[PDB]
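J.: Structure provided below as structure tokens; questions to follow.
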Amino acid sequence: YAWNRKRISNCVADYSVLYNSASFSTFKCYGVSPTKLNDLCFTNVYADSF
Amino acid sequence: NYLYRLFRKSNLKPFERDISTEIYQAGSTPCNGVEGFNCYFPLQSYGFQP
């Protein structure tokens, strides 16, 4: 209910960084295949971690 | 009964039919044709309903 929407930026994105330190349960990104999310150049992703 | 492929590795040449369909692998977590993670099947059905 109080999930934070935070802007993180001024750095370089990544996608394979989630395959080493996070033991997965689900990994889904809809609207774009997760594969390119390393090269994708986001504009101030409104990070929602909860 | 009417189906349509939903997954493939490479695109098609114009007027190309390919039938060989094992359990597609959506990147890492190797599918080994054993339906692991990121394993969706290219075979997809429609919603042909009155």
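To be explicit about the labels: the chains of the structure tokens are called A, B, and onward in the order shown, and within each one the residues are counted from 1, while ligands get numbers from 1 in the order they are shown.
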Quick one: residues within 10 Å of range 8-15 of chain B, only C-alpha atoms counted, chain neighbours fewer than 2 positions away excluded, as a VMD selection string?
T.: chain B and resid 5 to 6 17 to 18 21 24 to 27 41 to 42
J.: List the neighbours of residue 10 in chain A out to 12 Å using only C-alpha atoms; skip same-chain residues closer than 6 positions along the sequence, and give me the result as an MDAnalysis selection string.
T.: chainID A and resid 41:45
J.: What would the file look like if the residues just selected were written as an mmCIF file, in the first residue's frame with N, CA and C atoms?
T.:
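File produced: part.cif:
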```cif
data_model
loop_
_atom_site.group_PDB
_atom_site.id
_atom_site.type_symbol
_atom_site.label_atom_id
_atom_site.label_comp_id
_atom_site.auth_asym_id
_atom_site.auth_seq_id
_atom_site.Cartn_x
_atom_site.Cartn_y
_atom_site.Cartn_z
ATOM 1 N N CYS A 41 18.087 1.766 -22.876
ATOM 2 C CA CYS A 41 18.551 2.992 -22.255
ATOM 3 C C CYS A 41 17.359 3.719 -21.644
ATOM 4 N N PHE A 42 17.077 3.429 -20.378
ATOM 5 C CA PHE A 42 15.893 3.935 -19.702
ATOM 6 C C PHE A 42 16.053 5.412 -19.372
ATOM 7 N N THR A 43 14.915 6.081 -19.189
ATOM 8 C CA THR A 43 14.881 7.505 -18.853
ATOM 9 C C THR A 43 14.309 7.614 -17.444
ATOM 10 N N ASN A 44 15.180 7.528 -16.442
ATOM 11 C CA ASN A 44 14.809 7.755 -15.049
ATOM 12 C C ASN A 44 13.706 6.789 -14.607
ATOM 13 N N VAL A 45 14.079 5.510 -14.600
ATOM 14 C CA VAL A 45 13.195 4.439 -14.154
ATOM 15 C C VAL A 45 12.640 4.760 -12.772
#
```
J.: If you measure from CA of residue 49 in chain A to CA of residue 6 in chain A, what distance in Å do you get, rounded to one decimal?
T.: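 It comes out at 8.7 Å.
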J.: Hey, which of B:35, B:29, B:50, B:1 ends up closest to chain A? Count only C-alpha atoms.
T.: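 Distance minimum relative to chain A lands on B:29.
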J.: If DSSP is run on the backbone, what residues of chain A are strand (DSSP E or B)? A reply as a ChimeraX atom specification would be ideal.
T.: /A:6-7,46-47
J.: In Å, with one decimal, what is the gap from CA of residue 3 in chain A to CA of residue 35 in chain A?
T.: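 CA of residue 35 in chain A lies at a distance of 26.1 Å from CA of residue 3 in chain A.
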J.: Residues of chain A were defined as contacting chain B if any atom lay at most 10 Å from it, counting only C-alpha atoms; please report them as a list in words.
T.: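 Going by the stated atoms only, the list reads residues 16, 19, 25, 26, 27, 28, 33, 34 and 35 of chain A.
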J.: Have a look at CA of residue 39 in chain A and CA of residue 17 in chain A and let me know their distance in Å, one decimal.
T.: 12.5 Å
